[PDB]
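Fold and contact review
Below are the chains, spelled out letter by letter.
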Amino acid sequence: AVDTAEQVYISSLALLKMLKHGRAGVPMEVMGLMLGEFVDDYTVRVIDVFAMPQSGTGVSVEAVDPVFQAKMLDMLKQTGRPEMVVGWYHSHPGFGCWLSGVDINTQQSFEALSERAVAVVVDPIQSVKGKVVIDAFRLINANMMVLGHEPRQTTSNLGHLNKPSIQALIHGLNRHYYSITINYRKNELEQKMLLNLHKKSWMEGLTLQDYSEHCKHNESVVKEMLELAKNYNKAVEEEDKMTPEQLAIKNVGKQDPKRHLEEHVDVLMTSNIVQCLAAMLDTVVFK
Amino acid sequence: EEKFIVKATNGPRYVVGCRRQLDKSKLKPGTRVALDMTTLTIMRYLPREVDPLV
Amino acid sequence: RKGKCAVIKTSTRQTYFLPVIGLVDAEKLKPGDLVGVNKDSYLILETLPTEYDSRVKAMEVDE
Amino acid sequence: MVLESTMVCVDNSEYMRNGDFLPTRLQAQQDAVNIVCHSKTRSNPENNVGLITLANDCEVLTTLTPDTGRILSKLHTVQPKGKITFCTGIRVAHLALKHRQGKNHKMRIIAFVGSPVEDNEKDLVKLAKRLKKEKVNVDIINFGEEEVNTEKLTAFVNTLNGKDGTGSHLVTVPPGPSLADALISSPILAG
Amino acid sequence: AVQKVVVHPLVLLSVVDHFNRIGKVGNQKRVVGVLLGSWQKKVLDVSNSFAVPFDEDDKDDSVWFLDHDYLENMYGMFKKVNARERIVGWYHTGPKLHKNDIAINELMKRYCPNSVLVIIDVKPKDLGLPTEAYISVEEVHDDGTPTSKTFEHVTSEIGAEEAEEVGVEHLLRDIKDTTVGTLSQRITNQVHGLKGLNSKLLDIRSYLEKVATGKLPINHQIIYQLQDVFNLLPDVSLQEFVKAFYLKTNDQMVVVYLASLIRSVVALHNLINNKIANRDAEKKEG
Amino acid sequence: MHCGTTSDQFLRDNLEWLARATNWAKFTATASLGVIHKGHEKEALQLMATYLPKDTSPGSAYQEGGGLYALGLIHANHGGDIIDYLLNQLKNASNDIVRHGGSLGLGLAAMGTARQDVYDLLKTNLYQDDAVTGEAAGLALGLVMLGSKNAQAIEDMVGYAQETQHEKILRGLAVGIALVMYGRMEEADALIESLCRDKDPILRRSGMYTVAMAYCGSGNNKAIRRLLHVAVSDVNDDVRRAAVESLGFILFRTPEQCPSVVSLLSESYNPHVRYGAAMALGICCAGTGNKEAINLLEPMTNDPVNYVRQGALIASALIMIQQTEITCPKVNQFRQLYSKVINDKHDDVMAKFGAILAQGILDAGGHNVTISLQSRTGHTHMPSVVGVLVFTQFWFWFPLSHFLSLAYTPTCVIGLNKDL
Ligand SMILES: [Zn+2]
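Thresholds applied
- Residues numbered from 1 in each chain as written, not as in the entry; some residues may be left out.
- Chains lettered and ligands numbered in written order.
- Part of a larger assembly, values for the part shown.
- Heavy atoms only, no water.
- Helix = DSSP H or I, 4+ residues; strand = E, 2+ residues; numbered from the N terminus.
- Rg over C-alpha atoms; globule rule 2.2 N^0.38 Å.
- Buried < 20%, exposed > 50% of the residue type's maximum accessible area, 1.4 Å probe, protein only.
- Contact = heavy atoms within 4.5 Å.
- Areas by Shrake-Rupley, 256 points an atom, 1.4 Å probe, with all protein chains shown as cover.
- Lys, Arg positive; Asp, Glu negative; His and termini not counted.
- Charge placed at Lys NZ, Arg CZ, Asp CG, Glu CD.
- Buried area = accessible area lost by both parts, 1.4 Å probe.
- Salt bridge = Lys/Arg side-chain N within 4 Å of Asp/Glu carboxyl O.
- Nonpolar A, V, L, I, M, F, W, Y, C, P; charged D, E, K, R; others polar.
- Pairing = 2+ DSSP bridges.
- Axes fitted to C-alpha atoms, helices over the stretch in contact; angles between N-to-C directions.

Listed as the method for this PDB entry is cryo-EM; the listed resolution is 5.7 Å.

**What about the overall build of chain C?**
Looking only at helices and strands, chain C has one helix and two strands in total. Start at the N end of chain C and walk to the C end: the helices and strands fall as β-β-α. The C-alpha atoms of chain C give 15 Å as radius of gyration, which overshoots the globular expectation for 63 residues (11 Å, by more than 25%). For the C-alpha atoms alone, the extent of chain C along its principal axes is close to 50 × 30 × 20 Å. Looking at the 63 residues of chain C, the share that counts as buried comes to 5%. Counting contacts in chain C only where the partners sit at least 6 residues apart, residues at least 24 apart contribute 7% of the total. Only carbon and sulfur atoms are counted for the fraction: they give 55% of the accessible area of chain C, which is about 5800 Å². Within chain C, one finds 10 positive and 10 negative side-chain charges whose respective centroids are separated by 13 Å.

**Things to note about the interface of chain F and chain A**
Between chain F and chain A, the residue contacts involve 17 residues of the former and 19 residues of the latter. In total, chain F and chain A occlude about 1600 Å² of area from one another, counting both sides; carbon and sulfur atoms represent 53% of this. Interface area lost by chain F to chain A is led by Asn23(F), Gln165(F) and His166(F), which between them contribute 27%. Connecting chain F to chain A are zero salt bridges. Across the side of chain F that touches chain A, the residue classes tally to nine nonpolar, five polar and three charged.

**Considering the pairing of strand 1 (residues 6-9) of chain C**
Looking at chain direction, strand 1 of chain C and strand 2 (residues 15-18) of chain C are connected through four bridges and run antiparallel. Residue pairing across strands places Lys9(C) opposite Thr15(C), the latter belonging to strand 2 of chain C.

**A few points about helix 6 (residues 116-126) of chain F**
Buried within helix 6 of chain F are the following residues: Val118(F), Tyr119(F), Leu121(F), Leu122(F), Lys123(F), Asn125(F) and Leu126(F). Contacts made by the buried residues of helix 6 of chain F are with helix 4 (83-90), helix 5 (97-109), helix 7 (131-144) and helix 8 (151-161) of chain F.

**Description of the interface of chain A and chain E**
A common measure of how large an interface is: the accessible area buried when the components associate. Facing the 69 residues of chain A at the interface are 64 residues of chain E. Carbon and sulfur atoms make up 72% of the surface buried where chain A meets chain E, a total of about 6600 Å² over both sides. Remark: the boundary between chain A and chain E carries two salt bridges. For the side of chain A that touches chain E, the secondary structure elements donating two or more residues are helix 1 (12-23), strand 3 (43-52), helix 2 (66-77), helix 5 (188-201), helix 6 (209-217), helix 7 (222-240) and helix 9 (262-286) of chain A. When residues of the side of chain A that touches chain E are assigned to their parent elements, the largest contribution, 14 residues, is made by helix 9 of chain A. Of the residues assigned to the side of chain A that touches chain E, the class counts are 35 nonpolar, 17 polar and 17 charged.

**Section: the sheet that holds strand 3 of chain A**
Residue and element names in this part refer to chain A. Spatial strand order, 7-6-5-4-2-3-1-8: eight strands in an open sheet with mixed pairing. Edge strands, defined here as strands with exactly one partner in the open sheet, are strand 7 (177-180) and strand 8 (182-184). Taken pair by pair, the neighbouring strands of this sheet meet at an average axis angle of 40 degrees, ignoring direction. The pairing of strand 6 (residues 136-139) with strand 7 spans four bridges and is classified as antiparallel. Pairing of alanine 136 across the sheet is with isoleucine 180, part of strand 7. Most of the contacts of helix 3 (residues 101-110) go to strand 4 (residues 84-91), to which it runs at about 175 degrees, and overall it touches strand 4, strand 5 (118-122) and strand 6.

**Description of unusual backbone geometry**
Residues and elements named next belong to chain A. Positive phi is not limited to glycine here, since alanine 117 has a value of about 55 degrees. By the element assignment, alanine 117 lies in the loop between helix 3 and strand 5. The class for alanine 117 is buried, based on a relative accessible area of 5%.

**What to know about the sheet that holds strand 4 (residues 106-113) of chain D**
Residues and elements named next belong to chain D. Taken in spatial order, the six strands line up as 3-2-1-4-5-6 in an open sheet, and their pairing is mixed. Each of the sheet's edge strands pairs with one partner strand only, and the pair in question is strand 3 (60-65) and strand 6 (170-172). Neighbouring strand axes in the sheet, compared pairwise and without regard to direction, differ in orientation by 15 degrees on average. Strand direction decides the pairing type here: strand 1 (residues 4-10) and strand 2 (residues 49-53), joined by five bridges, are parallel.

In structure tokens form, the structure reads like this:
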């Protein structure tokens, strides 16, 4: 009878594999298996994550083929992947990320070997593209109902675990079903390779190609955007002619939610492209 | 011209975008089209017909 | 890039979109009912002609 | 039982269809591969057997696996091109021994040589020094000949064969109309 | 045949995994991975990929080790779980193109269709684009050399469709979006000269070295087009472009009037509230 | 409240309220007992041995680990240390109790000795790659290496940092290399400046925690540039909430100048800079009577985030100590601090933790003992700064708050003429 404060390490491998698996996350139930290595009690690291073929039955213990699982795991053992399985993941579209009776039964059956048995449910269907916040699930012991529910130390990270604060699922089904915190990790090779890879993904090939395109489109296409920009500017100035009357009458309180200032600041920012690219044309013409 | 309003058979209405493959030929209004559950993209249209016309 | 499609109507009065798919079809492609369909993929897998209005189907069932 | 890997190198030159010897003995040594793979299967079915030729552009026909059901099919379509290649024929398997699944399987590589060797004695002592260095069991089987059978290959084997106690054996077959199966099955390597 | 390709960062992060699962052995050779993609459409789209144990020899370069059963099993199971993607080609992490790559690529030319080749760098120190699509096609040469496999550079782009943009953006939390305006423009206008300076300066030095110290024909025929296009801009006297400088400078004047006038409009609320707020708060404070 | 007075009679009421759960709560209970009584050469070891002198096999080893950690709390900076016996007791092989608690107790008892023996056994104690015994090994190595400045130790720790994946080893060696740096103002410029650009955020916090005690006394106006520059510029909130602790540790001299420059950080962008800034107001105005933080405590105590509420109650608890009501109107923070234990039903589980934990600060020692950041001559106390920084290190590991008793400086007078 002892418990610690565990935290699931999530690298970009399992993340991107759950993003491609979320793209393949059809309404039909899907299956997946997580791998890794157990170094101590209160830490768990995932490295290898793959997908499983779909079945008409869906998420179930019968769909997990032991000769296929052990066959692929053996083919990972003959390669440079000497990691044992650490858990299984799946997708729950529509009805929420909670776990049904079948999922908790195959979780109870799959947790006999690994005491941790990390469970992750990805649901990118109804989640907006602004946040990719994912949560890992855990199974509590049925004999711990007499004593405290979760005797987990280091209660600081629970404030970060309070971000999924839906008022129906977390404490709507929190009995006999709790969760765990999630952190990330990134080395310098992922930082510089993925950082320079994304900057290059927003940059050009030689980085000098599409500059003169806009530098010379300022004279052909942007002129229409400058004339229309002046049409919006005058289209606001026609009301700014009426503003000094109200400002000359009341001077107390603000009733119009429009600021008429920051939009024109943005118009000036779009208009400064001519100034910033004029020096570019000066460099291209010079040398 | 790029994004228009669609009317589903079930009753609720939505708005969709334009796919990079198709053009504005069949995109004109008055032509029944098809949509996708993910991203509400447009694969192709749906030509109308009738029962005795079959 | 050949044109081939079909119009589907579920029992719950919901219309979806899908092309003509499945196995080798000989007596299929007719406007009938009782076809094979999965949970949400809505594909055609097993088509078999169906009755209903049993008042005419079971007119005189004699072996 | 015996845990070891088996690698065979067969010749695909046109020197294997001459009418003086057996009638296209390629099938005969194919049956030799069949009886040694089925014999090792009867001894220990967990042994993996690879298949590769000695042509200029060496191609792995079958990965090391105990399932010979598809190896029987892969023994066909020999593509009779090229004459002989020795250096990358040794290096294509002796260096590929590290890709096996079972690390406990000992290293054993045989080869069917049906063409005269093009490498000089310097390459024979460098490759023999490499194979004796890495300590791999090497069985040399020479089918057919034009010049004398073993003139420099004798010193090639004597300098290549280390661990005189229960070490490797040399297979030298003389001319004769009899089959090669019983003649190569005489040493202890078969069985 | 193919004009451009699309490579997702998932395969390059799988090369990060190639550099992760090494195990500190001391080899770090050009590990060859089996590239996967969609060859159906004219444009190539890489979704994911996997690897195969690949080992070469120290001295002899012609040694190469591949696997057919592992390729048919990983490709068979991957096709069983996802049949929308099939084999297309391969890629190596080595920075130098060796001679054995014709034999390594020849296997996937025989068994698989025309394979595309991608050369990347083991260390992400290169500022340029790490991915270069090299099509494996045989071209006829004018000098009379026998027909051989030629690797022509196909342009490539690094883009993500739906989710990898969100995952990368959440994992970084340091990179910025387009953000048109002052900073995103002036950073490009500052570092662009180094972005061309490291490329040109890095290339013309070994180029000039191979001019005098070069043999084994390097296709000197294309050098005539090189210096030709370089001499297609013979220091124009700018006589005709003066009126174009009057047009672009007149647009500059338009930006001057827009900035001065619009900012003069912005000065209204500031230069009014500064008085009416201070004098009323002061006269009503006590 | 029972520190120094050795009043175990409150814990003698019943045994079902302490040993009812087998977890770290009993370790913190025995460590708290070590905070209760201190300065005993016979009643300490005898009192720890009298608890179960029957079979010499306790079912819960947290009593033994808390006996070693509590003994280290008792014999802190004493001249009659039992370290010689603690080496033969540390030689015994046990599961993480003598390692963690024995390392903390032995390192605290051997603080400032700079002995190479505790360095060797400490290194062979951290050579097991474990994060807990390496965390306690770092906490003990920083204490024992006070002023030693060994050549191979810094490079061995920073070299031992990036070769492991655990985080408690990185924070333990972070405080380990942080506390070792004292008086190296003219030395650690290139070390901290070089280690500031490290890719590891934990070590990035270790550079600021390390430069905190190095620049005490407001002797360097340069480190604040990169302290606030990494507090605002960096995207990770670890160095952002761990940044301004060095700012308070170097600017502890003037209590008035702090709220003028941290008032912007009171209500910052993210709640992490609000919490770390709450620690900054807690450490900079402690023991003083400056109301420039007290008038700013009212906006800190009301916010949907429980972090700024917890650090707001702690910062409010560090100022109200040693203060009379007739001088300043403290009724607001007394009443709002008293309403948290009755309002705990509708509050968070950690908000009541920091609430009653903040209420234990004023009642500490029965208003007799207090804390002080500097001595009477103006010099600052080393165990006071160590005790307050480790006291602020309770976020990652809560049982580390037991080192607050090292900063308790009772305020009184002495008119002792003769020794007897
Ligand atoms: Zn479901």
